[PDB]
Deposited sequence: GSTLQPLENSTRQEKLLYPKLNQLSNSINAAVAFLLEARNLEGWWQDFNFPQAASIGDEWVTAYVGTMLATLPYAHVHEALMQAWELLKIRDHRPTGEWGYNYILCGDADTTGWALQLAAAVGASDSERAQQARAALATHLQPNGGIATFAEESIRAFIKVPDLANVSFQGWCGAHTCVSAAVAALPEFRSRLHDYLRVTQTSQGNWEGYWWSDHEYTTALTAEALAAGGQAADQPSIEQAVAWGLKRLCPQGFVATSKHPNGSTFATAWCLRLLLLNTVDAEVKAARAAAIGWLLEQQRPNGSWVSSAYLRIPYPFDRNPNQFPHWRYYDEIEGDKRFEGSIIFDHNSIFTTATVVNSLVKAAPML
C-alpha cells in the first residue's frame, strides 16, 4: 500500500467535502442545474442526491448536514402526493422521491410518516412492463403531442429506485431484461450509461441472488472496457475523460473485488480523479442531463443532441443537454466514488 496515495485520497475527499458544505445556499440547500426563464434551478433533487452521496462519510459534521437536508425536505410538503421534485415549482417525480428516500434511510427516517407517504406515491409510478416512470402525465402536462416518452418506464430511474430495499424485488425482472448484449444499461435522462449501469449492477448485487451474478460480472467487464489505461472514461464530449462518467465507472468496478485487472483499473481511475481535482476541491462539471422530446421513448436513438449553453440565438430545451453549472452534482458523485474505492486500494 502506497500510504501517500491513501493520504492524498483523504486530502482530496476533505477538500471536496469542504467545497460542498460551503456551496449550500442561505437556507442550506444544495442547488444545481438551470432551465433559464423556465423551470429555474434544482434544489430538492440535487439536495437528496448530494446528501445520499455524502452518506458514506463517517464525519459527524457531514451527518449533521444530512440531518439538516432532511429537515429541508420535510418542509417541502406542498404536494398532495408527498413526492419531491426538481424544485418547489415542479410537480413530484419518482427519481427525486427515490433519492430523498435514500437520504431518509441515512438519517434514520425511513419509517417516518413522510417517508411512508412518499414511498406509497412511488408505487403509483410503477408501469405494466415492471419499471418505474419519472412523471405522471397529467402532473407534468399541468406544469408545462405525446408525453409517453417522459411518462414511460425509465431504466435510470428504475435503477436508482431499486436502491430502496422496498422496491428492489419488484423492479428486478425489468432491470434484468433491459441489460444490453454488451453488459451495460442505457438511461433515459442521462448521456452517460455508466450512471444507469453502476446503479443497476449495485441493486442486483444488494439483492444477493446468485442468478444475478453473471449479469453483474458482464457489467463489470463492460466497465473495464470503458476505462482506458490512463484512468478515465472517454466520451464524445470529453475525449480525454469525463469526471462524472469515470466516478460512476469506478463505483461499478467495486462490484468485483477479486480480479487483478479490475483492481488495477480502479487504481488508475483513482489516480486520474485525484489529478483532475480543482484547487477549490471541486471537479469540472460533467453531469450531462438530456431533455428528450416528450414523445421520445428512445433518447439513446436520438442523434440530434446539442448542448443548450452552446446553441446560438433561438433555442428550446427539447433535444438539448444541460449540465451542473455549480459543479456540486459532479463533485458529490466523485467524492462518493473515492470514499467507496479507497479501502479496495
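Of the deposited sequence, positions 1-15, 160-166 lack any modelled C-alpha atom.
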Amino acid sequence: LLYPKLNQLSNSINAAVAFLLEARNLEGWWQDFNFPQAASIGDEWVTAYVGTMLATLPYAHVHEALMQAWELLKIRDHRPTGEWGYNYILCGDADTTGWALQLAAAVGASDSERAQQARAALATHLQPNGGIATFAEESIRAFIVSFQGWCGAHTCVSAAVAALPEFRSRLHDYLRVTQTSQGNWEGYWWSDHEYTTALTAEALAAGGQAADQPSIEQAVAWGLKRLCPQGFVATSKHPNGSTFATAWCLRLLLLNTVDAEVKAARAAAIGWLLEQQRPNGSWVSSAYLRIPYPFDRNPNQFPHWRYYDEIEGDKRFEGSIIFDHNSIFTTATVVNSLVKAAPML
From here on, numbers count along this sequence of modelled residues.
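According to the PDB record, 1-9 carries the higher mean C-alpha B-factor of the two stretches 1-9 and 336-344. Note on 255-263 vs 207-215: mean CA B-factor is higher in 255-263. Note on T200, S242, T134, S191: the highest value goes to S191, judged by CA B factor as recorded. Highest CA B-factor among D32, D309, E44, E64, as stated in the entry: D309. In this PDB entry, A106 carries a Cα temperature factor that places it within the middle third of its chain's modelled residues. For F317, the recorded CA B-factor ranks within the highest third of the chain. Only modelled residues enter the ranking. Remark: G281 belongs to the middle third of its chain, ranked by C-alpha B-factor as recorded. Among all modelled residues in this chain, the alpha-carbon of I144 has a temperature factor (C-alpha) in the highest third. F295: CA B factor lies in the highest third for its chain, per the PDB record.
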